[PDB]
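# Secondary and tertiary structure notes
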Number of protein chains: 2
Amino acid sequence: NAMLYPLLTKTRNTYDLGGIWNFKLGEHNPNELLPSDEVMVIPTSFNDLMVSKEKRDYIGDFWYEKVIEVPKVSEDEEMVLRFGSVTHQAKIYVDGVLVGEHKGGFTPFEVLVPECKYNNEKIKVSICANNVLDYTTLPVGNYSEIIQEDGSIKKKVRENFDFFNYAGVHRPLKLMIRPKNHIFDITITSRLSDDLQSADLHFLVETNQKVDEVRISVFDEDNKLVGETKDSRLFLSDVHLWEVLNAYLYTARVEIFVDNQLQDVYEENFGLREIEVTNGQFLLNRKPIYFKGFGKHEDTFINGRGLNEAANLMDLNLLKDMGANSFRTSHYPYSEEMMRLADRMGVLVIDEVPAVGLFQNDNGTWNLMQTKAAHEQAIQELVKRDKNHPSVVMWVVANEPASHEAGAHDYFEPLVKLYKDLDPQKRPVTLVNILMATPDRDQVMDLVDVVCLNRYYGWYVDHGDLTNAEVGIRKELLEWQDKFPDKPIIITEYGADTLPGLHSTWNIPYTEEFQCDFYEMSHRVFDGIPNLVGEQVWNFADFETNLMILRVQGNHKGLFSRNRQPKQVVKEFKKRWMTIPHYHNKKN
Amino acid sequence: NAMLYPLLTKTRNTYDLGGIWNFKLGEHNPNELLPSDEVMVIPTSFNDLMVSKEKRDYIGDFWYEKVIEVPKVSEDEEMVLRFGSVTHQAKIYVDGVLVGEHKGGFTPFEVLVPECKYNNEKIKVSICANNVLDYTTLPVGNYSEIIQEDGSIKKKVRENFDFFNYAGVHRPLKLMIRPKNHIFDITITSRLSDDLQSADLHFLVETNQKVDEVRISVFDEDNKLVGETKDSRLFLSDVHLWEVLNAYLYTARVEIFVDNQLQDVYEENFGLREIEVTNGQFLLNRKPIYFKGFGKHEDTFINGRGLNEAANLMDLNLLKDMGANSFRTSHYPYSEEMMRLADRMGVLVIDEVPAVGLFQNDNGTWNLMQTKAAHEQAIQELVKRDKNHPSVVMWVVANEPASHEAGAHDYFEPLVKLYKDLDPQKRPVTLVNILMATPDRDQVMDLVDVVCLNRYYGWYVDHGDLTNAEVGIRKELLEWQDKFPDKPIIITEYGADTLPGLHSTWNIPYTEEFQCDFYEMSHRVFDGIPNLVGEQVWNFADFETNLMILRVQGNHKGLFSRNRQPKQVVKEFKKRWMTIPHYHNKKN
Ligand SMILES: [Mg+2]
Ligand SMILES: [Mg+2]
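Residues numbered from 1 in each chain as written, not as in the entry; some residues may be left out. Chains lettered and ligands numbered in written order. Part of a larger assembly, values for the part shown. Heavy atoms only, no water. Residues with missing side-chain atoms left out of burial classes, pairs and counts.

Let's shift gears to the overall build of chain A. For chain A, the helix and strand inventory stands at eight helices and 32 strands. Here the C-alpha radius of gyration of chain A, 25 Å, is about what a compact globule of 588 residues would show, namely 25 Å. Along the first, second and third principal axes, the C-alpha atoms of chain A reach 75 × 75 × 45 Å. (Helix = DSSP H or I, 4+ residues; strand = E, 2+ residues; numbered from the N terminus. Rg over C-alpha atoms; globule rule 2.2 N^0.38 Å.)

Dropping the structure here:
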């Protein structure tokens, strides 16, 4: 139900509830008042703000609590709490009463404040967050309980993924006063003309109640009126297209009317562009694109997975300065803020649900992977939240699932359909593939539009041995190309752990020089694979992980450090990506 | 035949041949003259002096060559070339003629220069070194050949050990002019009195030819004469014992005589001390010792495995400043220079042969481990070279062999006997044990006097999880103690990779703080195991290895960096080891 970015309009009062909240790890009676012994900030991951390991590794319930003043709410209005997200599960209390609930740590939801409380001076909001991951959650966790002889129970999650399980309220929480009868959803659809110069627009507006009139006023980047309709249909002559690294955004002001008066007004941006996949190519505006960019993480010192709009912008500025043009939201939906920024900057985005960890670890006879419900929900929420973004060019169903094992096809078949059935634009959906699932073994890739591969020849296979890595990477890309002559291929991950300061004359893995050598070898291969249409390094920047022997205080495959300072290899990518055009047809 | 340290005496002219030699990787006709295009230094590993990887990774023949002036050699003398060692195999040429040969990269050998060449002005010395490791060599290598389509053959060695395969002439080469009839060997034996105040000495002098008289003059540390014998027997009243960190060395001047005149004179040092193992204790001078120190490597920037006497001393100074008292020559005999220094400083030494890598990697039906010959030779050479060192308190037969697999017992049974049969002092022999070979599985430890364990709970098992590591380490030491109530236990390796500069509040492996935490947990366990009589960290200093994913530009488990700068944890060891006395009886 929370699919619309919270805006301030003359009919919608939006209040930011961020700041300091009373805070507690562990159990709490929401009928009672949390002390100010512990506090926590909203938004931010809580983990790094803890000074001890035991606290940073806490798993279970933890609470945020604040007494909040009730604004003026008129008879025809209602009041909702709107969360960008709570990680991973959340129960929301008003005055000690359970009033809403959510599962999924990376998508927004709203919670209605009971009408009977609108004439009160104050309300106490209590948020019971929970950071347990399961075989029933996304991402997938290995959950276990050990009794302490205390004998309290210690909960722990052995992540089935390579990123630290940051938890907390990572995204802005809003107190939202809006009309009872309001605009629930807006879907924007366009059919571009033969020559790509005009657009037949369809604005599909959802309401809960009867409306007399629905006026839509479209404005261009100069805020000049260029179209108006009362029937949901608009024809725009001589449009400006949304082009890679050269964005053009229209904004659709939607006003609804009952009995000759404004009931609700919302402003939704859209961009005009066409996506197609054919002949081993990714077409944007009917021209062949070459992806260059990064797998990313929402990760930063101090804030962990919490939203930092300034990091979004610093990254995006660097991306574009490098000559890059895209990135993937690995391994979970990013914040709305980041999406709106990619739109504004013309950056291509591969948008993914948190389906990472779908891989067991004899044996497995019993049904342990109960992920289907969460998966279906994740897909619905992402498409409903993100479908209007011109920057979203493709969906990902999973990252590195066990796609070579029996039962894989039948799990993904309906989920891929779901993206198609839900996306008005029917964008391509992909599946990101692990090295184990080789062309012969894999049994899922027939279902998808674009082949995405994470490959580390010269790092995990043939470690530090480029001569043989080259033969391996080339061999496999040729098998993929052959098995699917039709589909485009995108390297969604490739890189090499690199610690700033480590140096060698002898191409030594972990040194800055080896990072350069690794990418040279990789690009020499890619450039000779006709159906390979894009390359996205892992990772943009170094990032936090859990304790595992092959992680040297986090992942270090970043071109930048966690503090966003460049490694040696950045100069090299800048020379390469400024030489390859965005609209680059190889083939030729 | 090269068991005596090369000394200058009035009968023995010893010339250092070190410096610049013509040098070539690859094939060479020793009848022809190597150009001065390439040069190399003696002594040093060649690898790090190569600017390209292909050269640094070279495997096969490589040559050193120099024209050398012939000194005056009288009719009763002979001239030999004496090598501290050549790594790994060596063939020696004089004037293009093969004149001697050696296998084993860490022990000394001599090569007679043909008498017919003594009246020549010059001789050309050619050294064909070879750095191939095999299933027939020690250390054990995984050897393979791939044809290049050049089509030359690329030789490569996949080390079966965790240290970089440095090769070259690592130790001083001497041109040695000595009497035809000379002192070949001196073995020093002592029986100390009941109260440890006197010593019955037996000096066993080997000659090749008849001698009329053998006079032995013993001098104390003040060069004062305290004993003299002509019958090989000497009784010394009121001796000064060689004590841990408080060394006392006598020196035995051995003179031989034919027909009333000096034929040869040699000076051999010895120290007086008694070693015994009983009741789960290691007795030195009949008092229980507690080992504190390091596994080491002969490793240093630039020089690789080449001899650097100043590094020996800087390490030893640090060792003793820390309150430590021992170290192991892992994983190969150190230079004579280091041994003589340990004697002079009172440091205990566990002396080992290069028997590392005795572990396969289905299957194995065929006899692939042909290591027995090399093993027997290594043992003979080490005992013959090192038996007189008071600092050598124990022998190691192997490091981390597959001692849990069938056939292990029968391989080691005769090799352990060999140490006993060869060592006049019958010192303890041990075997250093890998984690796979657990008390139940292991089948070799009954053969040995002292239990040595390399254990990494909290690093390889239970990575970064101290709570569980503690239970594991304790559990296993209790099983060992139980299975062998008789034998002392020594932790010969324990530590944690640590990169200088990496820091965290949250006990994160690879950070300096975690290194400290890891050792605290380990010592808390050790202190409660009555039969554990010693602790030797891995490693003294960071060191070079080959390319393998869990090696971040070498091994970083060192308390010091490769440049010998301290990590955080050094302060901690200094507090602990200065509090534990050398003669420390736990039990109690
Ligand atoms: Mg199953
Ligand atoms: Mg066999």
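Having seen the structure, we can now continue with the description.
Residue and element names in this part refer to chain A. Tallied over the entire structure, the rule returns 86 salt bridges over all chains. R564 is the partner of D315 in a salt bridge, and the nearest nitrogen-oxygen pair spans 2.8 Å. What makes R564 buried here is its relative accessible area of 9%. We note a salt bridge from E535 to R576, for which the minimum N-O separation is 2.8 Å. Taken as a pair, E535 in strand 32 (residues 532-537) and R576 in helix 8 (residues 569-577) lie far apart in primary sequence, 41 residues in all. Classification of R576 as buried rests on a relative accessible area of 14%. Look at the salt bridges and you will find they share partners, linking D48, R56, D299, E544 and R562 into a network. (Salt bridge = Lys/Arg side-chain N within 4 Å of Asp/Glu carboxyl O. Buried < 20%, exposed > 50% of the residue type's maximum accessible area, 1.4 Å probe, protein only.)

Let us look at the side chain of A:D61. All names here are of chain A. Relative to the assigned elements, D61 resides in strand 5 (residues 61-69). Among the polar contacts listed, one links the side chain of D61 to the side chain of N130, at a separation of 3.0 Å. With near-sequence residues (within four places) excluded, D61 lies in contact with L25, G26, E27, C128, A129 and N130. (Polar contact = N/O pair within 3.5 Å; in protein donor to acceptor, adjacent residues only side chain to side chain. Contact = heavy atoms within 4.5 Å.)

Judged by nonpolar contacts, the single largest core of 182 residues is most densely connected at A:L559 and B:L559. Apart from the residues within four sequence positions on either side, A:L559 is in contact with A:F294, A:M322, A:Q515, A:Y519, A:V537, A:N539, A:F540, A:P566, A:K567, A:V569, A:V570 and A:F573. (Core = buried A, V, L, I, M, F, W, Y, C linked by side-chain atoms within 4.5 Å.)

A few words now on the sheet that holds strand 24 (residues 287-288) of chain B. Residue and element names in this part refer to chain B. As summarised here, the arrangement of the three strands in space is 22-23-24, forming an open sheet in which the pairing is antiparallel. Each edge of the sheet is formed by a strand with only one pairing partner; in this case those strands are strand 22 (275-278) and strand 24. The sheet contact formed by strand 22 and strand 23 (residues 281-284) spans four bridges and is antiparallel. Bridge pairing links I275 to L284 in strand 23. (Pairing = 2+ DSSP bridges.)

Turning next to the sheet that holds strand 28 (residues 392-399) of chain B. Residues and elements named next belong to chain B. One closed barrel accounts for eight strands, arranged 25-26-27-28-29-30-31-32; its pairing is parallel. Neighbour-to-neighbour, the strand axes of the sheet open up by a mean angle of 25 degrees, direction not taken into account. Strand direction decides the pairing type here: strand 25 (residues 291-295) and strand 26 (residues 326-328), joined by three bridges, are parallel. In the strand pairing of strand 26, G293 is matched with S326. (Axes fitted to C-alpha atoms, helices over the stretch in contact; angles between N-to-C directions.)

Moving on: the packing of aromatic side chains. Applying the stated criterion to the full structure yields 68 aromatic pairs over all chains. An angle of 15 degrees between the planes, with centres 4.9 Å apart, marks the rings of A:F83 and A:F109 as stacked. With A:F83 in strand 6 (residues 77-83) and A:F109 in strand 9 (residues 109-112), this residue pair connects regions lying 26 residues apart in the sequence. Residues A:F83 and A:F109 agree in their burial class; the two are buried. Each ring, one from A:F161 and one from A:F163, has its centre 4.4 Å from the other, and the planes form 35 degrees; the classification is tilted. The residue whose ring lies beneath A:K287 is A:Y583, and the NZ or CZ to ring-centre distance is 5.0 Å. Against the face of A:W506 rests B:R56, its NZ or CZ located 4.1 Å from the ring centre. (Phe/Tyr/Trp six-rings, centres within 6.5 Å; stacked < 30°, edge-to-face > 60°. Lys NZ or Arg CZ within 6 Å of the ring centre and 35° of its normal.)

Quick look at the relation of the copies chain B and chain A now. The transform that puts chain B on chain A rotates by 180 degrees and translates by 0.0 Å along the axis, for an RMSD of 0.0 Å. The two molecules are tied by a two-fold rotation axis, judged by turn and shift. Identified as the residue of chain B closest to the rotation axis by C-alpha distance is B:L550, at 3.1 Å. When you check the interface residues of chain B against chain A, 100% turn up at the interface there too, and the contact is symmetric in its surfaces. (Least-squares fit on C-alpha atoms.)

Another point: the pairing of strand 18 (residues 225-229) of chain A. Residue and element names in this part refer to chain A. Bridge count between strand 17 (residues 213-219) and strand 18: four bridges; the pairing is antiparallel. In the sheet register, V218 faces strand 18, and the bridge partner there is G227. The turn linking strand 17 back onto strand 18 is made up of five residues, and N223 within it adopts a positive phi angle of 55 degrees.

All right, on to the UniProt feature "active site" in chain A then. Residue and element names in this part refer to chain A. Sites flagged by UniProt as "active site" map to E400 and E493. For this annotated set, covering 94 residues, all C-alpha atoms fall within 10.9 Å of each other, a compact arrangement in space. By the secondary structure assignment, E400 is in the loop between strand 28 (392-399) and helix 5 (408-422). As for its position among the elements, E493 is in strand 31 (residues 489-493). Excluding anything up to four places from it in sequence, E493 contacts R328, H331, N399, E400, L453, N454, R455, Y456, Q536 and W538. At 3.1 Å, the side chain of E493 forms a polar contact with the side chain of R328. (UniProt positions renumbered as here; feature names shortened; annotations may be inferred.)

Residues and elements named next belong to chain A. The topology assignment puts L7 in the segment before strand 1 (13-16). For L7, a relative accessible area of 19% translates into the label buried. Sequence separation between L7 and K292 is 285 residues, and the spatial gap between their C-alpha atoms is 33 Å. Leave out the neighbours within four places in its chain, and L7 touches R12, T14, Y266, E267 and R340.

What follows covers helix 2 (residues 309-321) of chain A. In this model, helix 2 of chain A (13 residues) spans 18 Å end to end at C-alpha, consistent with the 18 Å of a helix rising 1.5 Å per residue. Where helix 2 of chain A is buried, its residues meet strand 25 (291-295), strand 26 (326-328) and helix 3 (336-345) of chain A. (Expected span 1.5 Å × (residues − 1).)

With that settled, the discussion passes to the layout of surface pockets. The space that makes up the largest pocket amounts to roughly 1,600 Å³. Lining the largest pocket are 45 residues, and of these A:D465, B:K53, B:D57, B:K154 and B:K156 sit closest to its centre. Residue assignment for the lining of the largest pocket shows that the elements contributing at least two residues are helix 6 (466-483) and helix 7 (512-526) of chain A together with helix 1 (53-56), strand 11 (141-147) and strand 12 (153-159) of chain B. At seven residues, strand 12 of chain B tops the list of elements feeding residues into the lining of the largest pocket. A per-class count over the lining of the largest pocket returns 15 nonpolar, 12 polar and 18 charged. The space that makes up the second largest pocket amounts to roughly 1,400 Å³. Lining the second largest pocket are 38 residues, with A:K53, A:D57, A:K154, A:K156 and B:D465 sitting closest to its centre. For the lining of the second largest pocket, the elements supplying multiple residues, two or more each, are helix 1 (53-56), strand 11 (141-147) and strand 12 (153-159) of chain A together with helix 6 (466-483) of chain B. A per-element tally of the lining of the second largest pocket places strand 12 of chain A first, with seven residues. (1 Å grid on protein atoms, 1.4 Å probe; cavity = no way out; pocket = protein on both sides within 12 Å on 5 of 7 lines; lining within 4 Å. Points joined across faces, edges and corners; volume = space filled by probe spheres on them. Nonpolar A, V, L, I, M, F, W, Y, C, P; charged D, E, K, R; others polar.)

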